[PDB]
Amino acid sequence: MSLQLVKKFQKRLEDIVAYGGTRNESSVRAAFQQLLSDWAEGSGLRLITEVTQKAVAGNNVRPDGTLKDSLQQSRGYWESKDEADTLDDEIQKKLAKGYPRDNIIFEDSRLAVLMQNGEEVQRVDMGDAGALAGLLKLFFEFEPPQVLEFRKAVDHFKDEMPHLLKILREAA
Amino acid sequence: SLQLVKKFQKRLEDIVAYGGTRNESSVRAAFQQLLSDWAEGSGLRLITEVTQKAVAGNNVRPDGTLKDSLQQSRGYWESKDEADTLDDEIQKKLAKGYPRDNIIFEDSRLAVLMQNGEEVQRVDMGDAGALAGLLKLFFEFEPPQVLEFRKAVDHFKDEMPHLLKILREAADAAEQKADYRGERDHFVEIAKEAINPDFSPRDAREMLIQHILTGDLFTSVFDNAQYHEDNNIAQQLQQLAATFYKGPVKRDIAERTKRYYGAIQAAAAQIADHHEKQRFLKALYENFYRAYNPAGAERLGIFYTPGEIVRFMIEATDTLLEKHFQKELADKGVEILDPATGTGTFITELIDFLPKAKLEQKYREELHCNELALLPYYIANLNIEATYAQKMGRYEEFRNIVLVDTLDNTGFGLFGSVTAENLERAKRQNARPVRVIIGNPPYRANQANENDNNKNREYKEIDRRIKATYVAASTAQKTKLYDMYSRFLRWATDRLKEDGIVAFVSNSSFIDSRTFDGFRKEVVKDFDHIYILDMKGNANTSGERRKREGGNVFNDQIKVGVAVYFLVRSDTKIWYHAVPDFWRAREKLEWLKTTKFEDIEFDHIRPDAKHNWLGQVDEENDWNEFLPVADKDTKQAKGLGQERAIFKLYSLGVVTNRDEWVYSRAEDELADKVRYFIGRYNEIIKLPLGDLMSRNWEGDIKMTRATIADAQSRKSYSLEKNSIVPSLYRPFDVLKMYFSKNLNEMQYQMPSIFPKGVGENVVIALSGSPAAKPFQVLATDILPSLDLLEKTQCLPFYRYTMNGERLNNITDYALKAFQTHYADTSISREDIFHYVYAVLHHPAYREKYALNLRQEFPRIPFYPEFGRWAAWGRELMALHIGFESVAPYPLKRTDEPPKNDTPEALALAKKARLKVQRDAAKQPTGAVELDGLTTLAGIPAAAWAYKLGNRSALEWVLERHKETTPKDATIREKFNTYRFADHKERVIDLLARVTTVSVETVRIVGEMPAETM
DNA sequence: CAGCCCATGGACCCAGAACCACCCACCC
DNA sequence: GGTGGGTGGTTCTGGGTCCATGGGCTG
DNA sequence: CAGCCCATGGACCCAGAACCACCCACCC
DNA sequence: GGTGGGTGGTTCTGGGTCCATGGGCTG
Ligand SMILES: C[S@@+](CC[C@H](N)C(=O)[O-])C[C@H]1O[C@@H](n2cnc3c(N)ncnc32)[C@H](O)[C@@H]1O
Ligand SMILES: [Ca+2]
Ligand SMILES: [Ca+2]
């Protein structure tokens, strides 16, 4: 993942605008769609594209792609724009319509913004492989606080098993 | 790949499982990735959601469009929801104008391809093998642009003669400028020491026309104008062209030549794959020479190797490299050299085989090649450089191509000094350690006719080494081992200094030829494993053999036999596999595509004592039974010890080298052709000595080696009137002939058989060795030609010594041996003669000892009766000795008037046809259509079985009475007078008389024993 | 005589909106 | 089975600025 | 040594022959 | 309206020669 996959995306973005003669989002999205999809396959998640979600307002909204788990539970989202728009301006309108913000990569072909827990965690340039590979690591690993607390309780056992084994040995 | 299809099948399952939605928008990503990843390997890219204006002005946006590197749509895709009837939804989209050229409509479970507005295939996406097949079709669809490109390449070939007229005129007008003449003269001198000792102005102007032609096409259809500015050779030749080709002169020839270049340029610009545009390179190569210098094309061997053969050898070389040397073609160290590049096919197909990670090093220092002609050099350098560019992505100059004579650059020197860089490349190549010498060497045994004055060049060193190795070990009278293919094989053996493989495609003569017996002894001593694959195809054959040989693996464009051979040097194991008989060219070429070297079941060949690899006599006969003649019995002086054969002297029929000038049906007509010949000859011997020696005369007469030598010695000729004699040219064809030593190239020992042409001798003429036609024997009382029967060898009954008498040629050794086996002193010489004749007509003898007869003089058995056989041979003899004095078999004559009463229909209706009327089962009906008016009928089926060669006796009297057009210009326009109308009545009688002869001999031969001794 | 007043007309471009194509939810 | 709505693309259409910079004054 | 004999296999091409396409004439 | 010539083009397909020229004699 990381370098290998991101560098293939950089070449694919170039092949799309070269063999297609279009820098339109609807055509250039395939590059980041396949980055997010192939990274997910390795992390036990899948990027399912165009999945309609409902907002608090009741407005149905369809992000470009959602990161679904094995139990059909959304864990992250993605929206691509073209290079011919202001990413920051499209961001307020998107979230105003009722877009999710728990874990969303808003991305134009040149800049990528990760918004986690409602705040912009990182803003990288897609030209820098290592930088993008860093942001995508945080996106694919962001976990809800439920699993964050379970993981912490597993660590508690690693220092509680000795104390527990004493009782069982005393009983044996 | 099936792996790609199998991943789609999994991706689809996960999308409906991890996502929970079967909506088309969500499930389409599985096929989008399949199409996109397949395309990334095929040089195309699936661009998604690209809008296309439909024919009805409306805009349609398919889910995906396959696009080429020139941003040109090559295919389309529209996914639907499984919750619909695909068939119904296809119609809706197609009615809104969705493209129907190459579209994959696809619901999640079923896929439909509509190529050319018609459903080519409908598959289920649960089957991986089926989807992979449907996808292959879609990804390999031939768009209209590539078909139009192919069509225009075919028009360019026929319009090449007219383009070369404009370019010739330009170069002719250039010799009016002193600057061009100066540069031209410097170039000729430079290339008289770099390319060929006899480089002439003609060769220089060909090179200039080639430069200007290639220049235009390389900038317009191949978009590599820089090639010339980076090519060392191109920069030495642009010096010559810069004198005249500039400004108005160039603008004028360009406006005229644009009418030929226009169509090809238009179509080629819409083609991205160089593997499609390399078909134009092949066409320029083969057609330029055919239109400009057909003669130089023969000496260079301008032909292209079909891709299937090239690919096969590259794969089979890798196989034997791993088997005997534990190396691969991609491994560093294996330096591959193509001694004759041509279009560069072998090197460009190696680039496509070698892995990308290793290609860089190989292209830079391990792939090498040589060329002699300029058009081939330029075409190869561009082909090689552009094939590398397509595979790698970057353009690098191939600095391993040399314009040098491979058979002269044996300085391992001024060879290759056209430019300074070319000389470096030549000296560097002659030091490189070459492991593999792959290639298709030029083949040319001899010039076709002496009048061509286009003999093969002499290569002192190679020729001297061939003489010491191949020729010295050959027990043949005629050596054809100075063929250009044999010269390129000697060079290869010597170039491989240590170990390696020489993989070549060449004439299959080496396998079986009386002349290549020395090669078949020397090759086993310099190579350890020899793997021959005979693809047959020899069309210089006739009869059932021609049908067996089949088509030529070179797209049926050459007539010689072809064999792909691999000679490895690590006893000698000779392996041989032959392609099946009665096959076609496409069948043979598809076999090379499908079969891999491992699958071929080669047969171990064990050379015999005469080094014959194929066609070995069965050593379980009593074949050591007498001998009709032996080279020693003929060369012996006296003594029965050295006289061990039935006959002493034997000769071959007179060969003239000018058959059309010395043979005619009428005595008076011959005399006129012969008078013209002697007439123009006597004017040739008056020319200046310079012109005499340089063979600079108008070639209206046929001057053979002998006549050329006498002319240069100023020896006059005259017409001896008593030299026009009767001669049996072909079976049953008694044409008149001028038997003079001055106008007949080789009379052999026929002066001693038929003294002065008119003598009294009866000869049993047989076939020679090796007979490619069935064994034939005919008795003649008139001088036979060398080609009455294949390589006719005449055995005479008498022998006329000089100032002497007819000494009986049947030896006394034979007389006694026959009067001893049969214990009958009555047996005479004029009885053994007839006995031998009947034995040589015995059907079981000709069948059992066939292989023996094909390779040796026919040894004769000692049949029990003698009397019965001698009688048969007497009856047989008389039938052929007096075939003009037999009883004409009654043949019904039917006559018909011309279609109309116009003078011109009568003309087109007294012209000969002489065709045997056959059936739908191709069996003689028993009727011959002599001309358009007369048709003979009533011929028995038996008469169609006396076959002298591949033709019946009757088919011989029809063939040799047809009005064929003379192949000599003068004879055709001044001495062609034969009209079947004049001889019609004669051929009618001859047919009936020969019908009797044939029907008699089928009976006489049929009453002979069913078994042979 | 160098500051100090007095004109006077300028070789585009980009946000609203319409509307369109396509597919998904939504009635029907 | 349309229908409206979500999303992205593709035409039209409408509608309008501060400020350079030569010349005449002018005390 | 030049002046006789003796071989020996040869880098295609092209005339019918369908068999179409188109369409005038000929029945139907 | 088919239907067979008339005319021209467009593919296959079948089927096959005399004679160069080195080497070995030879006297
Ligand atoms: C059959 S073509 C090469 C074929 C090549 N395999 C191809 O696929 O195009 C024979 C070529 O050998 C070349 N050649 C190179 N060196 C030669 C030489 N010394 N003598 C004769 N031809 C030579 C000729 O110019 C001619 O183009
Ligand atoms: Ca988007
Ligand atoms: Ca679709």
# chains A, B, ... in the order shown; residues from 1 in each chain; ligands from 1

$ residues_near_ligand --ligand "ligand 3" --cutoff "6 Å" --atoms "only C-alpha atoms (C1' of nucleotides) and all ligand atoms" --output "ChimeraX atom specification"
/B:63,78-80

$ residues_near_ligand --ligand "ligand 2" --cutoff "12 Å" --atoms "only C-alpha atoms (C1' of nucleotides) and all ligand atoms" --output "PyMOL selection string"
(chain A and resi 24-30+32-33+49-50+61-65+77-83+85+87+90-91+94+99+105-109) or (chain D and resi 6-8)

$ residues_around --residues "stretch 5-8 of chain E" --least-positions-apart "2" --cutoff "12 Å" --atoms "only C-alpha atoms (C1' of nucleotides)" --output "PyMOL selection string"
(chain B and resi 445-446+475-481+509+513-516+631+635+650-655+745-750+768-772+786+790-793) or (chain E and resi 3+10) or (chain F and resi 19-26)

$ write_last_selection --atoms "C-alpha atoms (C1' of nucleotides)" --output "short mmCIF file (atom, residue, chain, number, x, y, z; two decimals), in the first residue's frame"
data_model
loop_
_atom_site.label_atom_id
_atom_site.label_comp_id
_atom_site.auth_asym_id
_atom_site.auth_seq_id
_atom_site.Cartn_x
_atom_site.Cartn_y
_atom_site.Cartn_z
CA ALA B 445 22.35 -20.52 -56.45
CA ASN B 446 22.90 -19.07 -59.95
CA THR B 475 31.78 -36.48 -54.18
CA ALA B 476 29.61 -34.52 -56.67
CA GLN B 477 30.51 -33.45 -60.25
CA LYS B 478 28.38 -30.25 -59.97
CA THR B 479 28.94 -28.01 -56.89
CA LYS B 480 26.07 -25.61 -56.04
CA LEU B 481 27.58 -24.99 -52.56
CA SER B 509 18.20 -28.46 -50.32
CA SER B 513 20.72 -32.86 -52.60
CA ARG B 514 23.56 -34.70 -54.40
CA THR B 515 25.51 -31.41 -54.10
CA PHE B 516 25.10 -30.87 -50.33
CA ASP B 631 31.72 -44.00 -64.35
CA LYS B 635 36.63 -44.06 -68.24
CA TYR B 650 27.02 -43.41 -71.82
CA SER B 651 26.21 -39.73 -72.50
CA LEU B 652 23.65 -37.05 -71.56
CA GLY B 653 21.49 -35.45 -74.28
CA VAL B 654 22.72 -32.31 -76.08
CA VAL B 655 22.09 -29.18 -73.94
CA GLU B 745 26.88 -25.34 -75.34
CA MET B 746 27.40 -29.02 -74.40
CA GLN B 747 27.16 -31.92 -76.90
CA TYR B 748 28.66 -34.33 -74.29
CA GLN B 749 29.63 -37.69 -75.86
CA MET B 750 26.69 -37.59 -78.34
CA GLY B 768 19.20 -39.34 -64.29
CA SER B 769 19.95 -38.93 -60.55
CA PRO B 770 18.25 -37.67 -58.50
CA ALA B 771 15.01 -38.17 -60.52
CA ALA B 772 12.30 -35.93 -58.98
CA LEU B 786 19.05 -33.62 -72.02
CA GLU B 790 14.65 -35.81 -66.48
CA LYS B 791 18.47 -35.45 -66.93
CA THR B 792 18.26 -37.98 -69.82
CA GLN B 793 21.20 -40.43 -69.78
"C1'" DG E 3 40.15 -26.54 -73.52
"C1'" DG E 10 16.63 -23.43 -59.33
"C1'" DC F 19 20.09 -24.15 -68.37
"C1'" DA F 20 23.97 -21.73 -65.30
"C1'" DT F 21 28.74 -22.82 -64.16
"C1'" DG F 22 32.49 -25.11 -61.02
"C1'" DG F 23 35.05 -29.13 -60.90
"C1'" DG F 24 37.08 -32.89 -62.89
"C1'" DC F 25 39.60 -34.43 -66.83
"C1'" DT F 26 43.03 -34.43 -70.38
#

$ select_by_dssp --residues "stretch 21-215 of chain B" --states "alpha helix (DSSP H)" --output "MDAnalysis selection string"
chainID B and resid 24:27 29:42 86:95 128:139 144:174 178:194 201:215

$ write_last_selection --atoms "C-alpha atoms" --output "mmCIF file, in the first residue's frame"
data_model
loop_
_atom_site.group_PDB
_atom_site.id
_atom_site.type_symbol
_atom_site.label_atom_id
_atom_site.label_comp_id
_atom_site.auth_asym_id
_atom_site.auth_seq_id
_atom_site.Cartn_x
_atom_site.Cartn_y
_atom_site.Cartn_z
ATOM 1 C CA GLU B 24 -26.182 -0.322 -10.943
ATOM 2 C CA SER B 25 -24.228 2.736 -9.705
ATOM 3 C CA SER B 26 -22.735 0.708 -6.810
ATOM 4 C CA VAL B 27 -22.196 -2.659 -8.615
ATOM 5 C CA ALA B 29 -17.230 -0.716 -10.165
ATOM 6 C CA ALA B 30 -16.525 -4.467 -10.507
ATOM 7 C CA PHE B 31 -16.699 -4.440 -14.338
ATOM 8 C CA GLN B 32 -15.183 -0.927 -14.559
ATOM 9 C CA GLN B 33 -12.030 -2.319 -12.867
ATOM 10 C CA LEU B 34 -12.061 -5.445 -15.098
ATOM 11 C CA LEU B 35 -12.245 -3.345 -18.283
ATOM 12 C CA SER B 36 -9.762 -0.721 -16.981
ATOM 13 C CA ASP B 37 -7.117 -3.287 -15.894
ATOM 14 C CA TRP B 38 -7.449 -5.389 -19.090
ATOM 15 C CA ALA B 39 -7.064 -2.184 -21.146
ATOM 16 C CA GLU B 40 -3.944 -1.050 -19.237
ATOM 17 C CA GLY B 41 -2.286 -4.206 -20.646
ATOM 18 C CA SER B 42 -3.573 -3.689 -24.224
ATOM 19 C CA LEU B 86 -31.242 -6.548 -20.752
ATOM 20 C CA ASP B 87 -32.593 -7.305 -24.251
ATOM 21 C CA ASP B 88 -35.414 -4.765 -23.805
ATOM 22 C CA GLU B 89 -33.090 -2.067 -22.354
ATOM 23 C CA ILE B 90 -30.499 -2.576 -25.147
ATOM 24 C CA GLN B 91 -33.162 -1.477 -27.672
ATOM 25 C CA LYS B 92 -34.033 1.720 -25.736
ATOM 26 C CA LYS B 93 -30.374 2.864 -25.545
ATOM 27 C CA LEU B 94 -29.671 1.898 -29.192
ATOM 28 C CA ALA B 95 -32.751 3.926 -30.286
ATOM 29 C CA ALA B 128 -14.904 -16.992 -16.381
ATOM 30 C CA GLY B 129 -13.763 -18.661 -19.629
ATOM 31 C CA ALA B 130 -16.771 -17.304 -21.540
ATOM 32 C CA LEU B 131 -16.448 -13.697 -20.293
ATOM 33 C CA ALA B 132 -12.692 -13.770 -20.996
ATOM 34 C CA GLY B 133 -13.510 -14.783 -24.614
ATOM 35 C CA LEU B 134 -16.195 -12.077 -25.088
ATOM 36 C CA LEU B 135 -13.869 -9.430 -23.533
ATOM 37 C CA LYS B 136 -10.976 -10.560 -25.812
ATOM 38 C CA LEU B 137 -13.202 -9.918 -28.897
ATOM 39 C CA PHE B 138 -14.166 -6.421 -27.581
ATOM 40 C CA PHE B 139 -10.506 -5.505 -26.770
ATOM 41 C CA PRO B 144 -12.413 1.098 -39.617
ATOM 42 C CA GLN B 145 -9.195 3.233 -39.486
ATOM 43 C CA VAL B 146 -6.884 0.140 -39.360
ATOM 44 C CA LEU B 147 -8.844 -1.524 -42.228
ATOM 45 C CA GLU B 148 -8.595 1.686 -44.335
ATOM 46 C CA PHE B 149 -4.850 1.829 -43.482
ATOM 47 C CA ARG B 150 -4.440 -1.773 -44.753
ATOM 48 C CA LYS B 151 -6.430 -0.917 -47.925
ATOM 49 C CA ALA B 152 -4.206 2.115 -48.677
ATOM 50 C CA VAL B 153 -0.978 0.119 -48.036
ATOM 51 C CA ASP B 154 -2.226 -2.218 -50.806
ATOM 52 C CA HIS B 155 -2.867 0.696 -53.229
ATOM 53 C CA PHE B 156 0.628 2.149 -52.513
ATOM 54 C CA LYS B 157 2.200 -1.079 -53.893
ATOM 55 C CA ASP B 158 0.544 -0.660 -57.345
ATOM 56 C CA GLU B 159 1.175 3.135 -57.388
ATOM 57 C CA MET B 160 4.885 2.699 -56.491
ATOM 58 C CA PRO B 161 6.010 2.365 -60.186
ATOM 59 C CA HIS B 162 4.502 5.842 -60.882
ATOM 60 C CA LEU B 163 6.027 7.542 -57.787
ATOM 61 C CA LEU B 164 9.468 6.249 -58.784
ATOM 62 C CA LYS B 165 9.106 7.892 -62.230
ATOM 63 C CA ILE B 166 8.882 11.385 -60.626
ATOM 64 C CA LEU B 167 11.828 10.625 -58.286
ATOM 65 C CA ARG B 168 13.960 9.219 -61.172
ATOM 66 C CA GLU B 169 13.388 12.386 -63.258
ATOM 67 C CA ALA B 170 14.511 14.517 -60.282
ATOM 68 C CA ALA B 171 17.799 12.570 -59.943
ATOM 69 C CA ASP B 172 18.312 12.691 -63.748
ATOM 70 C CA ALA B 173 17.958 16.506 -63.706
ATOM 71 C CA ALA B 174 20.453 16.580 -60.805
ATOM 72 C CA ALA B 178 28.381 20.187 -61.235
ATOM 73 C CA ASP B 179 28.011 20.171 -57.416
ATOM 74 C CA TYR B 180 25.918 16.953 -57.458
ATOM 75 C CA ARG B 181 28.265 15.302 -59.966
ATOM 76 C CA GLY B 182 31.138 16.161 -57.605
ATOM 77 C CA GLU B 183 29.545 14.793 -54.414
ATOM 78 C CA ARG B 184 28.189 11.791 -56.397
ATOM 79 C CA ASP B 185 31.750 10.986 -57.568
ATOM 80 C CA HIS B 186 33.199 11.246 -54.034
ATOM 81 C CA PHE B 187 30.438 8.944 -52.711
ATOM 82 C CA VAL B 188 30.965 6.301 -55.456
ATOM 83 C CA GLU B 189 34.720 6.211 -54.572
ATOM 84 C CA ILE B 190 33.987 5.924 -50.784
ATOM 85 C CA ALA B 191 31.420 3.128 -51.315
ATOM 86 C CA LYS B 192 33.731 1.331 -53.793
ATOM 87 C CA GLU B 193 35.849 0.389 -50.737
ATOM 88 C CA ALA B 194 33.081 0.207 -48.043
ATOM 89 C CA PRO B 201 26.511 5.568 -60.624
ATOM 90 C CA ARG B 202 23.343 3.385 -60.953
ATOM 91 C CA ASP B 203 23.838 2.116 -57.353
ATOM 92 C CA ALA B 204 24.540 5.723 -56.194
ATOM 93 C CA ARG B 205 21.327 7.127 -57.777
ATOM 94 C CA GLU B 206 19.296 4.196 -56.327
ATOM 95 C CA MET B 207 20.661 5.151 -52.871
ATOM 96 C CA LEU B 208 19.719 8.826 -53.449
ATOM 97 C CA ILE B 209 16.151 7.970 -54.617
ATOM 98 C CA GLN B 210 15.855 5.697 -51.530
ATOM 99 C CA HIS B 211 16.981 8.572 -49.232
ATOM 100 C CA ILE B 212 14.477 11.083 -50.695
ATOM 101 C CA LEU B 213 11.627 8.499 -50.629
ATOM 102 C CA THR B 214 12.283 7.257 -47.079
ATOM 103 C CA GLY B 215 12.790 10.862 -45.886
#

$ closest_atom_pairs --of "chain B" --to "ligand 1" --cutoff "6 Å" --atoms "only C-alpha atoms and all ligand atoms" --output "JSON lines"
{"residue": "B:300", "atom": "CA", "partner": "ligand 1", "partner_atom_place_in_ligand_line": "22 (N)", "distance": 4.3}
{"residue": "B:301", "atom": "CA", "partner": "ligand 1", "partner_atom_place_in_ligand_line": "10 (C)", "distance": 4.7}
{"residue": "B:302", "atom": "CA", "partner": "ligand 1", "partner_atom_place_in_ligand_line": "27 (O)", "distance": 4.8}
{"residue": "B:303", "atom": "CA", "partner": "ligand 1", "partner_atom_place_in_ligand_line": "1 (C)", "distance": 4.6}
{"residue": "B:304", "atom": "CA", "partner": "ligand 1", "partner_atom_place_in_ligand_line": "9 (O)", "distance": 4.0}
{"residue": "B:305", "atom": "CA", "partner": "ligand 1", "partner_atom_place_in_ligand_line": "8 (O)", "distance": 4.0}
{"residue": "B:340", "atom": "CA", "partner": "ligand 1", "partner_atom_place_in_ligand_line": "15 (C)", "distance": 3.8}
{"residue": "B:341", "atom": "CA", "partner": "ligand 1", "partner_atom_place_in_ligand_line": "5 (C)", "distance": 5.0}
{"residue": "B:342", "atom": "CA", "partner": "ligand 1", "partner_atom_place_in_ligand_line": "3 (C)", "distance": 3.7}
{"residue": "B:343", "atom": "CA", "partner": "ligand 1", "partner_atom_place_in_ligand_line": "9 (O)", "distance": 4.1}
{"residue": "B:344", "atom": "CA", "partner": "ligand 1", "partner_atom_place_in_ligand_line": "9 (O)", "distance": 5.8}
{"residue": "B:345", "atom": "CA", "partner": "ligand 1", "partner_atom_place_in_ligand_line": "8 (O)", "distance": 4.5}
{"residue": "B:370", "atom": "CA", "partner": "ligand 1", "partner_atom_place_in_ligand_line": "15 (C)", "distance": 6.0}
{"residue": "B:371", "atom": "CA", "partner": "ligand 1", "partner_atom_place_in_ligand_line": "15 (C)", "distance": 4.0}
{"residue": "B:372", "atom": "CA", "partner": "ligand 1", "partner_atom_place_in_ligand_line": "15 (C)", "distance": 4.5}
{"residue": "B:373", "atom": "CA", "partner": "ligand 1", "partner_atom_place_in_ligand_line": "25 (O)", "distance": 4.7}
{"residue": "B:376", "atom": "CA", "partner": "ligand 1", "partner_atom_place_in_ligand_line": "27 (O)", "distance": 5.7}
{"residue": "B:405", "atom": "CA", "partner": "ligand 1", "partner_atom_place_in_ligand_line": "19 (N)", "distance": 3.8}
{"residue": "B:406", "atom": "CA", "partner": "ligand 1", "partner_atom_place_in_ligand_line": "19 (N)", "distance": 4.3}
{"residue": "B:407", "atom": "CA", "partner": "ligand 1", "partner_atom_place_in_ligand_line": "19 (N)", "distance": 4.9}
{"residue": "B:439", "atom": "CA", "partner": "ligand 1", "partner_atom_place_in_ligand_line": "6 (N)", "distance": 5.5}
{"residue": "B:440", "atom": "CA", "partner": "ligand 1", "partner_atom_place_in_ligand_line": "6 (N)", "distance": 4.5}
{"residue": "B:441", "atom": "CA", "partner": "ligand 1", "partner_atom_place_in_ligand_line": "10 (C)", "distance": 5.7}
{"residue": "B:442", "atom": "CA", "partner": "ligand 1", "partner_atom_place_in_ligand_line": "10 (C)", "distance": 4.6}

$ write_last_selection --atoms "N, CA and C atoms" --output "mmCIF file, in the first residue's frame"
data_model
loop_
_atom_site.group_PDB
_atom_site.id
_atom_site.type_symbol
_atom_site.label_atom_id
_atom_site.label_comp_id
_atom_site.auth_asym_id
_atom_site.auth_seq_id
_atom_site.Cartn_x
_atom_site.Cartn_y
_atom_site.Cartn_z
ATOM 1 N N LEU B 300 20.132 -9.474 -53.765
ATOM 2 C CA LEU B 300 20.115 -9.192 -52.310
ATOM 3 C C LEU B 300 19.165 -10.151 -51.594
ATOM 4 N N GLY B 301 18.133 -10.641 -52.273
ATOM 5 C CA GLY B 301 17.145 -11.534 -51.643
ATOM 6 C C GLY B 301 16.101 -10.735 -50.901
ATOM 7 N N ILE B 302 15.535 -9.711 -51.534
ATOM 8 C CA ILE B 302 14.580 -8.796 -50.846
ATOM 9 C C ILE B 302 13.248 -9.512 -50.608
ATOM 10 N N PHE B 303 13.128 -10.251 -49.504
ATOM 11 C CA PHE B 303 11.856 -10.923 -49.133
ATOM 12 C C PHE B 303 11.693 -10.762 -47.623
ATOM 13 N N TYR B 304 10.479 -10.888 -47.096
ATOM 14 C CA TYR B 304 10.268 -10.661 -45.645
ATOM 15 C C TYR B 304 9.881 -11.993 -44.994
ATOM 16 N N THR B 305 10.366 -12.259 -43.777
ATOM 17 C CA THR B 305 10.073 -13.538 -43.084
ATOM 18 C C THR B 305 8.721 -13.412 -42.393
ATOM 19 N N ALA B 340 21.620 -10.607 -41.610
ATOM 20 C CA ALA B 340 20.894 -9.934 -42.705
ATOM 21 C C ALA B 340 19.592 -9.424 -42.104
ATOM 22 N N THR B 341 19.514 -8.145 -41.743
ATOM 23 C CA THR B 341 18.325 -7.664 -40.996
ATOM 24 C C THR B 341 17.075 -7.554 -41.866
ATOM 25 N N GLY B 342 17.192 -7.019 -43.072
ATOM 26 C CA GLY B 342 15.993 -6.798 -43.890
ATOM 27 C C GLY B 342 15.129 -5.718 -43.286
ATOM 28 N N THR B 343 13.933 -6.075 -42.833
ATOM 29 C CA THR B 343 13.000 -5.088 -42.243
ATOM 30 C C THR B 343 13.225 -5.025 -40.733
ATOM 31 N N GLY B 344 14.154 -5.827 -40.209
ATOM 32 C CA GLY B 344 14.449 -5.836 -38.765
ATOM 33 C C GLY B 344 13.507 -6.739 -38.013
ATOM 34 N N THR B 345 12.795 -7.624 -38.710
ATOM 35 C CA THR B 345 11.762 -8.472 -38.060
ATOM 36 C C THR B 345 12.342 -9.250 -36.881
ATOM 37 N N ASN B 370 23.271 -6.556 -39.108
ATOM 38 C CA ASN B 370 24.000 -5.986 -40.269
ATOM 39 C C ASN B 370 23.080 -5.921 -41.484
ATOM 40 N N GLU B 371 23.262 -4.930 -42.356
ATOM 41 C CA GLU B 371 22.478 -4.826 -43.613
ATOM 42 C C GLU B 371 23.432 -4.380 -44.723
ATOM 43 N N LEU B 372 23.066 -4.565 -45.991
ATOM 44 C CA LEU B 372 23.937 -4.162 -47.125
ATOM 45 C C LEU B 372 23.246 -3.054 -47.916
ATOM 46 N N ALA B 373 21.918 -3.068 -47.964
ATOM 47 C CA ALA B 373 21.196 -2.074 -48.782
ATOM 48 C C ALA B 373 20.713 -0.918 -47.910
ATOM 49 N N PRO B 376 16.581 -1.188 -46.764
ATOM 50 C CA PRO B 376 16.523 -2.091 -45.619
ATOM 51 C C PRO B 376 17.126 -1.522 -44.323
ATOM 52 N N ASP B 405 28.823 -5.556 -45.694
ATOM 53 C CA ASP B 405 28.598 -6.901 -46.269
ATOM 54 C C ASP B 405 29.036 -7.891 -45.202
ATOM 55 N N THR B 406 28.109 -8.686 -44.678
ATOM 56 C CA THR B 406 28.436 -9.624 -43.579
ATOM 57 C C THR B 406 29.518 -10.593 -44.046
ATOM 58 N N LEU B 407 29.493 -10.998 -45.318
ATOM 59 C CA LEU B 407 30.440 -12.028 -45.819
ATOM 60 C C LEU B 407 31.789 -11.410 -46.181
ATOM 61 N N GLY B 439 18.614 -15.654 -37.971
ATOM 62 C CA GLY B 439 18.361 -14.878 -39.202
ATOM 63 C C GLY B 439 17.766 -15.654 -40.364
ATOM 64 N N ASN B 440 17.486 -14.976 -41.484
ATOM 65 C CA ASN B 440 16.974 -15.616 -42.728
ATOM 66 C C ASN B 440 17.957 -15.228 -43.827
ATOM 67 N N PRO B 441 18.987 -16.040 -44.123
ATOM 68 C CA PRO B 441 20.003 -15.646 -45.087
ATOM 69 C C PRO B 441 19.470 -15.514 -46.514
ATOM 70 N N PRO B 442 20.027 -14.649 -47.385
ATOM 71 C CA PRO B 442 19.612 -14.619 -48.788
ATOM 72 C C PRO B 442 19.925 -15.944 -49.495
#

$ interface_residues --of "chain B" --to "chain C" --cutoff "8 Å" --atoms "only C-alpha atoms (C1' of nucleotides)" --output "number ranges by chain"
B: 25, 59-61

$ write_last_selection --atoms "C-alpha atoms" --output "compact mmCIF listing (two decimals), in the first residue's frame"
# COMPACT_ATOMS: atom_id res chain seq x y z
CA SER B 25 -24.23 2.74 -9.71
CA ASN B 59 -25.72 13.78 -26.60
CA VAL B 60 -25.36 10.23 -25.18
CA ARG B 61 -22.98 9.43 -22.26
